[PDB]
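Following: one structure in C-alpha cells, then a few remarks.
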Amino acid sequence: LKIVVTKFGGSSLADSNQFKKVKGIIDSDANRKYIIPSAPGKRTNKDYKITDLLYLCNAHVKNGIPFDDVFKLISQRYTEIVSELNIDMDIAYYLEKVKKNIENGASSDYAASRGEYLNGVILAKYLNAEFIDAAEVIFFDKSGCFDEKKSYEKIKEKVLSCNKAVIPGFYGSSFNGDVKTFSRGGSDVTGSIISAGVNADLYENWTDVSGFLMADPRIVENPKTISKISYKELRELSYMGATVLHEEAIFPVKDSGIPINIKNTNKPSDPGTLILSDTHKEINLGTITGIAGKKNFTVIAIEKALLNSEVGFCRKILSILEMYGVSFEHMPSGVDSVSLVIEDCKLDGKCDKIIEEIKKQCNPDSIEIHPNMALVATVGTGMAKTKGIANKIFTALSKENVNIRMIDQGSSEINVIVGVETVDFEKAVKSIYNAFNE
Amino acid sequence: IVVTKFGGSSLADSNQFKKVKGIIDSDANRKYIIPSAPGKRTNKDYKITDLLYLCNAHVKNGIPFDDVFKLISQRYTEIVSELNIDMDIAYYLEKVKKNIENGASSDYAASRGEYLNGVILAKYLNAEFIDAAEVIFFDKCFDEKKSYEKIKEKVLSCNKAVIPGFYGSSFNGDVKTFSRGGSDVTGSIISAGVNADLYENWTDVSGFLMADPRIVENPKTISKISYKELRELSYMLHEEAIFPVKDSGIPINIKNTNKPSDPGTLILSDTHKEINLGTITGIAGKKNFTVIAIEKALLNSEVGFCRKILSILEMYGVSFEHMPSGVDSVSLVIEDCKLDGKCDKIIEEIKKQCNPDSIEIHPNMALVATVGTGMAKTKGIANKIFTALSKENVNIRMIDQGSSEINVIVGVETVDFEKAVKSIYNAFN
Ligand SMILES: N[C@@H](CCCC[NH3+])C(=O)O
Ligand SMILES: N[C@@H](CCCC[NH3+])C(=O)O
Ligand SMILES: N[C@@H](CC(=O)O)C(=O)O
C-alpha cells in the first residue's frame with residue numbers, strides 16, 4: 001500500500017503527553033511506516049532546551065570540568081518521559097553511555113545530536129519500530145555536503161527493508177565516519193531525505209499548526225487554510241515572510257515529486273496544506289493563494305540627470321551596499337531616477353555613511369530618504385498572468401482609501417508586491433483578502 | 001529683462017533670421033539674445049559645427065581644409081548677403097581659418113559656429129555684440145561667482161545685447177565648449193546673471209504635448225511643467241541646461257519661432273507650480289526593449305548576486321532601464337539597440353559567474369511612463385490607469401513604480417504601445 005513517512009518536531013515531543021499524541025497518529029494509519037523525531041521542545045518560555053544543554057556539556061569538556069549538574073537535567077528530562085509512558089526499557093543505559101562519550105572527548109556535533117538520538121531510541125521502543133541510527137544511513141562528503149547517491153542506496157538497503165522504522169533526525173556521518181550534524185535543515189531535511197530514499201508517496205510533517213493560512217490570522221479574522229501550494233509559491237510566501245517550512249529543508253523532495261503535508265499533532269483530523277511540485281500542482285483559474293506582508297522599510301530615492309544613459313551607475317550603487325552587511329529588497333527605477341527599498345533593521349545605524357559614498361562615486365542631483373513603508377506580497381500561480389489582476393489589488397486598496405508607495409509586478413509571474421505606509425499595512429492586507437474571498 | 005535663446009533651426013537661414021527679427025522688436029523687454037550656430041536647412045544638409053570639427057581634423061593630419069572652409073564661409077556670407085546687412089563678415093571668417101590652421105583646439109573651432117552667428121545677429125538686430133568668452137568663465141567646471149559678476153557689468157548695462165552661447169573661457173583664458181547643454185545652458189547662465197523675469201527658449205515646436213500626436217489626435221498642450229516632471233518625462237527638453245535657473249525664480253518658456261503667438265509651455269520650479277490632485281501632466285513612451293529573466297534557488301542569500309550581474313553589464317556598453325528582482329529571480333530591461341550584438345556574450349558571462357537555474361529572453365516590450373505631480377499622494381491613480389488598460393485588453397508585462405511619487409511605468413507588448421498610450425490619455429481626459 002502507500003508509504004507515508006512522518007516527522008515530528010519539538011512541540012510534538014515536548015513531554016510524555018505529546019508522545020501519546022504521536023503514538024496515536026502513527027497507529028491510526030498503517031501506512032505511516034517511517035518516523036523522524038526532533039529533540040524535546042521547550043514546554044514553557046523560560047524552560048531550558050535540551051540541545052542547548054547538550055552543547056553546554058561539551059563546553060565543560062572543552063573547559064576541563066565535569067558537567068554532572070547539567071546532565072542531571074537531561075537524564076531527568078528523559079527518565080520522566082520514559083517513566084510516565086511506562087516503557088519497557090532502561091534509558092539510563094543510553095544516557096549513561098552518552099555522558100561518558102562526551103566526557104571522553106566527543107565532538108560538539110556528537111554532543112548536540114544526542115537529543116534526536118535519544119528520542120529516536122525511545123520512539124523505536126514505544127512505537128514498536130526498528131531503530132536505525134542516522135549515522136548508518138545518511139552520509140556527507142569531503143567538503144561537508146550531503147552525499148545523495150550513497151545515502152539513498154543505504155536508505156533503500158536499511159530503511160525500506162523494514163516494515164516500521166524510526167530514524168533520528170538532525171545528523172549523519174561525515175566523510176571520515178564521525179558524526180556530522182546539519183547546519184541548515186533541522187529534522188525536516190532528514191525527513192525529506194528519507195522520503196526521497198524510500199521513494200515515499202507522502203511526507204507528513206507534523207507540527208503545532210493545522211497547515212499554513214491564507215493570511216496572518218492576527219490581521220484577518222478566521223482566514224482560510226491553504227489547501228494546496230507549489231514549492232515556488234511557498235518560497236515566495238516564505239520570504240515576506242510567513243512562518244513556513246524553509247527551502248533548505250525540502251530540496252530532496254523537490255527533485256522527485258513527493259508531496260509534503262503540513263499537519264497538526266494536536267488536531268490530527270484537520271487537513272493540511274499540501275505542498276506540491278510546480279508541474280504537479282494544478283492552476284486554479286484567476287485566484288489568490290496567499291497574502292503575506294512585512295512591516296518597516298525605507299526607500300532611498302536618487303534623482304540623477306540622465307541616469308539612464310551612463311553605465312555602472314547602479315552597479316556602483318549596490319557595490320556600496322555590498323560593502324556593508326545590507327541587502328536591498330527592490331531597486332525600483334524611473335526615467336532619470338532610481339530608488340532602493342531597504343528593510344529598517346538591516347539598515348539600523350549604518351544608513352548615514354552609505355548616502356555619502358554614493359554621492360562621491362555616482363554624482364546625482366537629488367538624494368532624499370522616505371521611511372515608514374511596508375510591503376505586501378500577494379501570491380498565486382493563477383495570477384500568472386490573469387487579466388487586471390494587479391488592478392483587482394489596486395481597486396481593493398482604493399476602496400480602503402490607502403495610498404500606494406511602490407508597485408512591483410514583473411519580478412515574478414506568480415506575484416504582485418505593493419508597498420504602502422506602515423500605518424495602512426493591516427488595512428491593505430485586509431482589503432486584498434476580502435477582494436478574493438466573497 | 002527677458003532673456004531669449006534661439007536654436008539652430010530658428011537661425012537655419014535668412015528667412016528664419018527674419019522671423020527672429022519679427023519676434024525681437026515685437027517686445028522691448030526682449031532685451032538679451034543667445035543664438036546657436038545655424039541648424040540644418042534640409043535633412044541632407046551639412047551641419048556647420050560638425051564642419052568646424054572637420055577642419056580641426058585636417059589640421060591634425062596636416063592636410064589643408066580649404067574645401068571645407070569654402071563651404072562655411074559661403075554659408076555665412078550668403079546669410080548677410082541675403083539679409084542685406086552692411087558688414088564685412090569676411091573679416092571674421094578669415095581670422096577663423098587662420099586660428100584653426102595655427103593648431104587651435106577643437107573647442108575653439110566648434111565655438112566659431114555661434115560666435116560668427118552672433119556677430120551677424122548684433123547687426124541684423126542692432127544690438128551690442130558681447131563675446132561669451134569675456135563673460136562666461138570656467139575654473140580648473142563653471143565659475144558661477146566670477147561669471148555673474150561679469151554679466152551684470154557687461155550685459156545688464158545694455159538695452160539690447162547678443163551673447164553667443166555654446167562656450168566660454170577656460171581657466172587659462174583659452175576657449176572652452178560646454179560638454180553639456182549647448183546654447184541652452186548659456187541662456188540660463190545669462191538669465192541668472194542678468195536677473196531676468198522670463199527666459200524664452202525659442203524652438204521649432206509650440207511647447208510640449210500631453211502625449212505623442214502620432215498616437216493621440218490633437219493632444220492638449222502642457223501649459224506648465226515642473227522641473228521634476230520634465231526630467232521624469234524625458235521620453236518626449238534638458239536638465240544640464242537648466243541648473244542655474246532652478247534656484248532663480250526665472251521660469252523658462254518653450255516657444256515657437258514659426259508660431260510666436262502660441263503660448264507654448266512653461267518650465268516652472270516645483271515650489272511655484274500648483275498641484276492638481278487626481279491629474280496627469282503627460283504620457284511618454286519608447287518602444288524597443290527586451291527583458292532578460294534570470295532565476296536562481298536562493299538568489300537573495302547569495303553574496304551580492306545582483307551586484308555581480310550588473311557588474312558584468314557594467315563591463316560592456318549596456319545601460320539598463322529597470323531591474324525587477326525578488327525571492328528567487330531577477331530581470332533586466334535593456335533597450336534592444338543597446339543590447340544589439342552584445343547579447344549572447346552577456347548571457348554566458350552571467351551564466352558563468354552566477355548559478356542560473358534558468359535564463360530566458362523575452363523581447364518586444366515597450367515602456368510607457370505616465371507622469372504628473374497631481375498623482376502624488378492621491379488614491380486610485382494606479383487604479384484609474386489600470387482599469388483603463390484592462391478595459392482595452394492590453395496585457396501588462398511589467399509594472400514599476402516606487403522610484404518617484406509622480407511617475408508610474410507600465411511595460412506592454414510593443415504591439416499594444418499606441419493602444420495603451422491612447423487609453424491612459426482618454427482615462428484622464
Ligand atoms: N542605465 C543605468 C541605470 C538607469 C536606471 C534608471 N533608468 C545603469 O546602467 O546603471
Ligand atoms: N540584495 C540581493 C538582491 C535581492 C533582490 C530580490 N531577489 C543582492 O545582493 O543581490
Ligand atoms: N548645436 C550647439 C548647441 C546650440 O547652439 O544650440 C552645440 O554644439 O551643442
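Chains: A, B, ... in order of the C-alpha cells. Residues: from 1 per chain. Ligands: from 1, in order shown.
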
Within 9 Å of ligand 1, counting only C-alpha atoms and all ligand atoms, residues as number ranges by chain: A: 303-304, 306-317, 331-339; B: 310, 313-314, 317-323, 334, 403

What's around residue 80 of chain B at 8 Å? Count only C-alpha atoms, leave out sequence neighbours fewer than 5 positions away in its own chain, and write the answer as a PDB file with N, CA and C atoms, in the first residue's frame.
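As written to disk, result.pdb reads:
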```pdb
ATOM      1  N   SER B  14      18.260  82.757 -43.791  1.00  0.00           N
ATOM      2  CA  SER B  14      17.809  84.164 -43.793  1.00  0.00           C
ATOM      3  C   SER B  14      16.330  84.326 -43.465  1.00  0.00           C
ATOM      4  N   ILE B  85      22.685  92.931 -44.874  1.00  0.00           N
ATOM      5  CA  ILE B  85      23.435  93.540 -43.798  1.00  0.00           C
ATOM      6  C   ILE B  85      24.691  94.163 -44.377  1.00  0.00           C
ATOM      7  N   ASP B  86      24.959  95.415 -44.001  1.00  0.00           N
ATOM      8  CA  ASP B  86      26.204  96.091 -44.385  1.00  0.00           C
ATOM      9  C   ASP B  86      27.273  95.821 -43.314  1.00  0.00           C
ATOM     10  N   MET B  87      27.936  94.673 -43.452  1.00  0.00           N
ATOM     11  CA  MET B  87      29.110  94.342 -42.638  1.00  0.00           C
ATOM     12  C   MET B  87      30.119  93.596 -43.457  1.00  0.00           C
ATOM     13  N   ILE B  89      31.786  90.356 -43.155  1.00  0.00           N
ATOM     14  CA  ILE B  89      31.852  89.061 -42.476  1.00  0.00           C
ATOM     15  C   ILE B  89      33.158  88.339 -42.799  1.00  0.00           C
ATOM     16  N   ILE B 120      26.898  88.464 -36.538  1.00  0.00           N
ATOM     17  CA  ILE B 120      25.872  88.756 -37.534  1.00  0.00           C
ATOM     18  C   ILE B 120      24.596  89.237 -36.846  1.00  0.00           C
TER      19      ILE B 120
END
```

Selection as an NGL selection string: residues within 7 Å of ligand 3 by only C-alpha atoms and all ligand atoms: :B and (7-8 or 35-37 or 49 or 110 or 114 or 165-166 or 181-184)

List as a CSV table (one decimal) with N, CA and C atoms, in the first residue's frame the protein and nucleic acid residues near residue 148 of chain B, meaning an atom at most 10 Å away when only C-alpha atoms are counted, but skip any in the same chain fewer than 5 places from it.
```
chain,number,residue,atom,x,y,z
B,135,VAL,N,32.7,86.8,-20.5
B,135,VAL,CA,31.6,86.9,-19.6
B,135,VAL,C,31.3,85.6,-18.9
B,136,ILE,N,31.4,84.5,-19.7
B,136,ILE,CA,31.2,83.1,-19.1
B,136,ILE,C,32.5,82.5,-18.9
B,137,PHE,N,32.8,82.1,-17.7
B,137,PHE,CA,34.1,81.6,-17.3
B,137,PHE,C,34.1,80.2,-16.7
B,143,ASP,N,32.5,78.6,-13.3
B,143,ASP,CA,32.8,79.6,-12.3
B,143,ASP,C,31.6,80.5,-12.1
B,153,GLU,N,28.0,93.6,-15.1
B,153,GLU,CA,28.9,94.6,-15.7
B,153,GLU,C,28.6,94.8,-17.2
B,154,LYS,N,28.9,93.7,-17.9
B,154,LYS,CA,28.9,93.8,-19.4
B,154,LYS,C,27.6,93.7,-20.1
B,155,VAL,N,26.7,92.8,-19.6
B,155,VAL,CA,25.4,92.6,-20.2
B,155,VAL,C,24.4,93.6,-19.7
B,189,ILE,N,22.5,80.7,-17.9
B,189,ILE,CA,23.6,81.4,-17.3
B,189,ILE,C,23.4,82.9,-17.3
B,190,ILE,N,23.2,83.5,-18.5
B,190,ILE,CA,22.8,84.9,-18.7
B,190,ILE,C,21.6,85.2,-17.9
B,191,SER,N,20.5,84.5,-18.1
B,191,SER,CA,19.2,84.7,-17.3
B,191,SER,C,19.4,84.9,-15.8
B,192,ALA,N,20.3,84.1,-15.2
B,192,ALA,CA,20.6,84.3,-13.8
B,192,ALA,C,21.4,85.6,-13.6
B,193,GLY,N,22.6,85.7,-14.2
B,193,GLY,CA,23.4,86.9,-14.1
B,193,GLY,C,22.5,88.2,-14.3
B,194,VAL,N,22.1,88.4,-15.5
B,194,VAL,CA,21.0,89.4,-15.8
B,194,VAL,C,19.8,88.9,-15.1
B,195,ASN,N,19.5,89.3,-13.9
B,195,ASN,CA,18.4,88.7,-13.1
B,195,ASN,C,17.0,88.8,-13.8
```

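Environment of ligand 2, defined as every protein or nucleic acid residue with an atom within 6 Å of it and counting only C-alpha atoms and all ligand atoms, comprises residues 327, 328, 329 and 330 of chain A; 299, 300, 304, 305, 306, 307, 325, 326, 327, 328 and 329 of chain B.
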
Can you tell me, as a PDB file with C-alpha atoms, in the first residue's frame, what residues are no more than 8 Å from residue 196 of chain A when counting only C-alpha atoms, ignoring any on the same chain fewer than 4 positions away?
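Resulting contents of part19.pdb:
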```
ATOM      1  CA  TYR A 152      19.667   6.722  -0.637  1.00  0.00           C
ATOM      2  CA  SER A 192      12.812  14.811   3.214  1.00  0.00           C
ATOM      3  CA  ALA A 200       7.712   7.573  -0.402  1.00  0.00           C
ATOM      4  CA  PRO A 252      15.457  16.348  -1.859  1.00  0.00           C
ATOM      5  CA  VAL A 253      11.702  16.047  -2.121  1.00  0.00           C
ATOM      6  CA  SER A 256      11.278  13.901  -7.176  1.00  0.00           C
ATOM      7  CA  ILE A 258       6.959  13.855  -3.285  1.00  0.00           C
TER       8      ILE A 258
END
```

Close residues, segment 268-272 of chain A itself excluded, 8 Å, only C-alpha atoms, min 3 positions apart in chain, as number ranges by chain: A: 25, 210-212, 225-227, 261-265

Residues of segment 76-302 of chain B in helix (DSSP H, G or I), written as a PyMOL selection string: chain B and resi 76-83+89-101+106-125+132-134+144-154+184-193+227-232+243-247+299-301

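Within 10 Å of residue 138 of chain B there are residues 133, 136, 140, 141, 142, 143, 144, 146, 147, 167, 168, 169, 170, 171, 172, 173, 174, 175, 176, 177 and 178 of chain B, counting only C-alpha atoms and ignoring same-chain residues fewer than 2 positions away.
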
Please, could you write that set of residues out with N, CA, C and O atoms as a PDB file, in the first residue's frame?
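Generated file (result21.pdb):
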```pdb
ATOM      1  N   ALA B 133      33.153  84.601 -24.231  1.00  0.00           N
ATOM      2  CA  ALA B 133      34.459  84.367 -23.621  1.00  0.00           C
ATOM      3  C   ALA B 133      34.782  85.431 -22.572  1.00  0.00           C
ATOM      4  O   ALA B 133      35.463  85.150 -21.582  1.00  0.00           O
ATOM      5  N   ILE B 136      31.356  84.481 -19.654  1.00  0.00           N
ATOM      6  CA  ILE B 136      31.163  83.134 -19.109  1.00  0.00           C
ATOM      7  C   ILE B 136      32.544  82.543 -18.874  1.00  0.00           C
ATOM      8  O   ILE B 136      33.361  82.506 -19.788  1.00  0.00           O
ATOM      9  N   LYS B 140      39.228  75.314 -12.766  1.00  0.00           N
ATOM     10  CA  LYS B 140      40.087  74.166 -13.052  1.00  0.00           C
ATOM     11  C   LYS B 140      39.690  72.980 -12.182  1.00  0.00           C
ATOM     12  O   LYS B 140      38.552  72.511 -12.239  1.00  0.00           O
ATOM     13  N   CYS B 141      35.083  73.150 -15.162  1.00  0.00           N
ATOM     14  CA  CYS B 141      33.898  73.414 -14.350  1.00  0.00           C
ATOM     15  C   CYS B 141      33.545  74.894 -14.226  1.00  0.00           C
ATOM     16  O   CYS B 141      34.418  75.756 -14.202  1.00  0.00           O
ATOM     17  N   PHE B 142      32.250  75.164 -14.104  1.00  0.00           N
ATOM     18  CA  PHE B 142      31.712  76.512 -14.267  1.00  0.00           C
ATOM     19  C   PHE B 142      31.945  77.408 -13.061  1.00  0.00           C
ATOM     20  O   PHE B 142      31.603  77.036 -11.940  1.00  0.00           O
ATOM     21  N   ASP B 143      32.494  78.599 -13.309  1.00  0.00           N
ATOM     22  CA  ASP B 143      32.756  79.587 -12.251  1.00  0.00           C
ATOM     23  C   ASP B 143      31.556  80.521 -12.070  1.00  0.00           C
ATOM     24  O   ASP B 143      31.489  81.611 -12.638  1.00  0.00           O
ATOM     25  N   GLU B 144      30.624  80.065 -11.245  1.00  0.00           N
ATOM     26  CA  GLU B 144      29.358  80.743 -11.001  1.00  0.00           C
ATOM     27  C   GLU B 144      29.562  82.176 -10.525  1.00  0.00           C
ATOM     28  O   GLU B 144      28.962  83.111 -11.058  1.00  0.00           O
ATOM     29  N   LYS B 146      32.325  84.256 -10.600  1.00  0.00           N
ATOM     30  CA  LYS B 146      33.064  85.149 -11.489  1.00  0.00           C
ATOM     31  C   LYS B 146      32.258  85.542 -12.714  1.00  0.00           C
ATOM     32  O   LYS B 146      32.361  86.667 -13.190  1.00  0.00           O
ATOM     33  N   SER B 147      31.472  84.609 -13.237  1.00  0.00           N
ATOM     34  CA  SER B 147      30.718  84.859 -14.457  1.00  0.00           C
ATOM     35  C   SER B 147      29.578  85.839 -14.206  1.00  0.00           C
ATOM     36  O   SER B 147      29.413  86.802 -14.957  1.00  0.00           O
ATOM     37  N   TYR B 167      29.691  78.186 -25.400  1.00  0.00           N
ATOM     38  CA  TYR B 167      31.054  78.250 -24.898  1.00  0.00           C
ATOM     39  C   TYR B 167      31.292  79.397 -23.913  1.00  0.00           C
ATOM     40  O   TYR B 167      30.409  80.227 -23.671  1.00  0.00           O
ATOM     41  N   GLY B 168      32.506  79.399 -23.361  1.00  0.00           N
ATOM     42  CA  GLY B 168      33.043  80.466 -22.502  1.00  0.00           C
ATOM     43  C   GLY B 168      34.558  80.308 -22.428  1.00  0.00           C
ATOM     44  O   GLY B 168      35.107  79.453 -23.117  1.00  0.00           O
ATOM     45  N   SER B 169      35.240  81.109 -21.607  1.00  0.00           N
ATOM     46  CA  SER B 169      36.700  80.980 -21.441  1.00  0.00           C
ATOM     47  C   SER B 169      37.080  79.992 -20.341  1.00  0.00           C
ATOM     48  O   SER B 169      36.455  79.969 -19.282  1.00  0.00           O
ATOM     49  N   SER B 170      38.111  79.188 -20.592  1.00  0.00           N
ATOM     50  CA  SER B 170      38.623  78.228 -19.608  1.00  0.00           C
ATOM     51  C   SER B 170      39.491  78.933 -18.558  1.00  0.00           C
ATOM     52  O   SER B 170      39.714  80.150 -18.646  1.00  0.00           O
ATOM     53  N   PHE B 171      39.994  78.178 -17.578  1.00  0.00           N
ATOM     54  CA  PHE B 171      40.843  78.763 -16.522  1.00  0.00           C
ATOM     55  C   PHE B 171      41.950  79.633 -17.119  1.00  0.00           C
ATOM     56  O   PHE B 171      42.102  80.800 -16.766  1.00  0.00           O
ATOM     57  N   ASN B 172      42.706  79.045 -18.038  1.00  0.00           N
ATOM     58  CA  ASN B 172      43.854  79.707 -18.647  1.00  0.00           C
ATOM     59  C   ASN B 172      43.505  80.672 -19.790  1.00  0.00           C
ATOM     60  O   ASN B 172      44.381  81.054 -20.569  1.00  0.00           O
ATOM     61  N   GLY B 173      42.237  81.055 -19.908  1.00  0.00           N
ATOM     62  CA  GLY B 173      41.828  82.050 -20.898  1.00  0.00           C
ATOM     63  C   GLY B 173      41.544  81.505 -22.285  1.00  0.00           C
ATOM     64  O   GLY B 173      41.069  82.241 -23.145  1.00  0.00           O
ATOM     65  N   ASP B 174      41.830  80.224 -22.508  1.00  0.00           N
ATOM     66  CA  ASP B 174      41.504  79.565 -23.778  1.00  0.00           C
ATOM     67  C   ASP B 174      39.999  79.403 -23.948  1.00  0.00           C
ATOM     68  O   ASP B 174      39.238  79.527 -22.989  1.00  0.00           O
ATOM     69  N   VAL B 175      39.584  79.099 -25.169  1.00  0.00           N
ATOM     70  CA  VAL B 175      38.177  78.883 -25.463  1.00  0.00           C
ATOM     71  C   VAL B 175      37.801  77.479 -24.995  1.00  0.00           C
ATOM     72  O   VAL B 175      38.561  76.530 -25.213  1.00  0.00           O
ATOM     73  N   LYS B 176      36.649  77.362 -24.331  1.00  0.00           N
ATOM     74  CA  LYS B 176      36.124  76.072 -23.856  1.00  0.00           C
ATOM     75  C   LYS B 176      34.655  75.935 -24.173  1.00  0.00           C
ATOM     76  O   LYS B 176      33.883  76.875 -24.046  1.00  0.00           O
ATOM     77  N   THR B 177      34.278  74.721 -24.535  1.00  0.00           N
ATOM     78  CA  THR B 177      32.960  74.429 -25.039  1.00  0.00           C
ATOM     79  C   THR B 177      32.224  73.626 -23.977  1.00  0.00           C
ATOM     80  O   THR B 177      32.783  72.683 -23.407  1.00  0.00           O
ATOM     81  N   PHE B 178      30.987  74.010 -23.685  1.00  0.00           N
ATOM     82  CA  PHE B 178      30.186  73.254 -22.743  1.00  0.00           C
ATOM     83  C   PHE B 178      30.098  71.801 -23.223  1.00  0.00           C
ATOM     84  O   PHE B 178      29.682  71.538 -24.353  1.00  0.00           O
TER      85      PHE B 178
END
```

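Distance-wise, atom CA of residue 381 of chain B and atom CA of residue 292 of chain B end up 28.8 Å apart.
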
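From atom CA of residue 197 of chain B back to atom CA of residue 145 of chain B, the distance works out to 20.3 Å.
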
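Between chain A and the candidates B:158, B:280, B:415, B:294, the tightest atom-to-atom separation, counting only C-alpha atoms, involves B:294.
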